[PDB]
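*Asks:* fold the following for me, if possible:
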Amino acid sequence: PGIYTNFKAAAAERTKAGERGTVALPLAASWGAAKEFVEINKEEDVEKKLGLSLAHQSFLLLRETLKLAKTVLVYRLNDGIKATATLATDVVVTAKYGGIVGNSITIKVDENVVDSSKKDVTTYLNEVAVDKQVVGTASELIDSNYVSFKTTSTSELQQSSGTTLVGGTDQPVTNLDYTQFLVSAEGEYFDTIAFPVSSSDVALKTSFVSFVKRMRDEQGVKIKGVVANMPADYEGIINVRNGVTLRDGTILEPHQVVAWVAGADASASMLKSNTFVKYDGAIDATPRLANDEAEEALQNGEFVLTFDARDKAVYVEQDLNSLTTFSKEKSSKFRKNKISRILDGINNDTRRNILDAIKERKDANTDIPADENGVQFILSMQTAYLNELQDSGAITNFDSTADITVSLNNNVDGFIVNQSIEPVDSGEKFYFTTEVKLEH
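*Replies:* Residues are numbered from 1 along each chain as shown. Please find the structure below.
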């Protein structure tokens, strides 16, 4: 227990096999917070939080993401009119959220059998009860995750056989909504973010790539972005090239395939790449690419899917990112996602594990001092982490001596952690320096 085991836990979490990553996915639904995220891990979550079944057509992309992602943070792009209706006598009942899902809501108020002085106000959603309240007066009605009662002066709860709400509607998705999605994305913890925007508007795709560039190289949060046909020449973006065709015959354009790829990158282990990973459910890659086109594509940092007629399944040609223009600073190695996932991860954990210890030592009233003892402490901690990654086989040739160093922020108000790590298969140690401030 305590900080220590947490640091090892971190690295251990990085190699653990099984359900993984959580990906932020923008979608349009007919029910929900609107301009806010919704966390879903189980199929039930979908219906309970968005009013429809996960099998609905509205969640096509969602399902594709869930094919490999453990968690999906769906953001409602749109919004809509809230269904309404007047119950018995002046009892305005409006749906909680906006959207056509409110039109499936229906309140049936009867008389109480265990007390003739009260009424049995129940709310239905598609002929299935979801909220029942046994109240005496209109005021005793407490708002639910489905309705909102408005008690007025002339309020009289008359028995009703079944009055249904109406007027629910959802306004189509505007390009503005996608911008707001990137804004709310700042306050969410996810591994990968998908941008299934239509290949039409180029501006959006650009503003998306910028958003990712900031998050990573400016805010320090090393996340991955996925867009279709968008050579951002940046190691933080995956450029999906082609699409696929599912068994049921449905055709998925590359801008849709991103949904899957997002979950694919988000679930990938630090030890395993995504090359030769099959796209479960896809019977063909449309369009297909000839050897020269493919070899060409890869050369340009494109994430391509190829159909293997032998095993009759489609798989990832190579887990690469849009980065093409390399250099002294960041070598070519940075295009290969495997090497990147290790690096990104490391850094990411370095900063969070340090922050946790900070705000944890503070809760015990033993704040980590900005002196030599503080440095040593953190150094010793990160070291445990680093070694763990070596043991789990994520990184090799790690010398606790000249590979990790910690110092003061020059303003003695934070810690600077410099480290040279080497991802398993890649003869090259990379230099990484993360700064953590005692008070953010």
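
*Asks:* how deep is the residue lying closest to residue 194 once chain neighbours are set aside tucked in, by neighbour count?
*Replies:* If the residues on either side of it in the chain are set aside, residue 194 comes closest to residue 262, at 3.7 Å by Cβ to Cβ, 6 or more residues apart in numbering. To be clear about C-beta, it is placed using only N, CA and C from the backbone, and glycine gets the same treatment. The tally of other residues near residue 262 (other Cβ atoms under 10 Å) stands at 33.

*Asks:* list the buried residues for the helix or strand where residue 262 lies?
*Replies:* Using DSSP states H and E, residue 262 falls within helix 254-267. Using 16 or more other Cβ atoms under 10 Å as the burial criterion, the residues of helix 254-267 that qualify are 254-267.

*Asks:* quick one: residues contacting the residue nearest to residue 194.
*Replies:* When contacts are counted by Cβ atoms under 8 Å, 6 or more residues apart in numbering, residue 262 is found next to 23, 25, 65, 69, 192, 193, 194, 224, 226.

*Asks:* biggest strand in the protein, by residue count?
*Replies:* Across the chain, the strand with the greatest residue count (assigned by DSSP state E) is strand 147-156.

*Asks:* touching that one from outside, list them.
*Replies:* Contact partners of strand 147-156, identified using Cβ under 8 Å, 6+ apart, comprise 87-96, 105, 107, 123, 131, 137-139, 141, 143, 165.

*Asks:* thinking again about what came up before, distance from the very next helix or strand once past the helix holding residue 262 to the middle of the chain?
*Replies:* Next in sequence after helix 254-267, counting helices and strands by DSSP H and E, comes strand 282-284. Offset of strand 282-284 from its chain centre (Cα atoms, centre = their mean, to the nearest Å): 25 Å.

*Asks:* partners of strand 282-284 in the sheet?
*Replies:* Note on strand 282-284: by DSSP bridges, its sheet partners are strand 244-246 (antiparallel).

*Asks:* give me the neighbour count for residue 344.
*Replies:* Counted with other Cβ under 10 Å, the neighbours of residue 344 add up to 21.

*Asks:* apart from its chain neighbours, what residue comes closest to it?
*Replies:* Looking at residue 344 with Cβ to Cβ, 6+ apart, the closest residue is residue 222, at 3.9 Å.

*Asks:* domains for the protein, by residue range?
*Replies:* Domain ranges of the chain: 1-17+337-440, 18-82+168-194, 83-167, 195-336, per curated CATH domains.

*Asks:* what's around the residue nearest to residue 344, how many residues?
*Replies:* Other residues close to residue 222 by other Cβ under 10 Å number 22.

*Asks:* packing partners of the helix ranked longest in the chain?
*Replies:* Taking DSSP state H as the criterion, the chain has its longest helix at helix 337-361. In terms of contacts (3 or more Cβ pairs under 8 Å, 6 or more residues apart in numbering; DSSP states H and E), helix 337-361 is packed against helix 3-13, helix 372-391, strand 414-421, strand 430-437.

*Asks:* hmm, 10 Å instead?
*Replies:* Judged by 3 or more Cβ pairs under 10 Å, 6 or more residues apart in numbering; DSSP states H and E, helix 337-361 is in contact with helix 3-13, helix 202-217, strand 224-228, helix 254-267, helix 372-391, strand 414-421, strand 430-437.

*Asks:* nearest to residue 285, out of these?
*Replies:* Of all those, helix 254-267 sits nearest to residue 285, with 9.3 Å by Cβ to Cβ.

*Asks:* that older thread, tabulate the buried residues of helix 254-267 (CSV), appending distance to residue 158.
*Replies:* Shown next, in CSV, are the buried residues of helix 254-267 (distance: Cβ to Cβ, whole Å):
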residue, distance to residue 158
254, 57
255, 52
256, 50
257, 54
258, 53
259, 48
260, 52
261, 56
262, 51
263, 51
264, 56
265, 57
266, 53
267, 54
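
*Asks:* just give me the closest of the residues you listed to residue 56.
*Replies:* Nearest to residue 56 among the buried residues of helix 254-267, counting by Cβ to Cβ, is residue 259 at 15.2 Å.

*Asks:* picking that back up, now which of the contacts of strand 147-156 would you call buried?
*Replies:* 87-88, 90-91, 93-96, 105, 107, 123, 131, 138, 141, 165.
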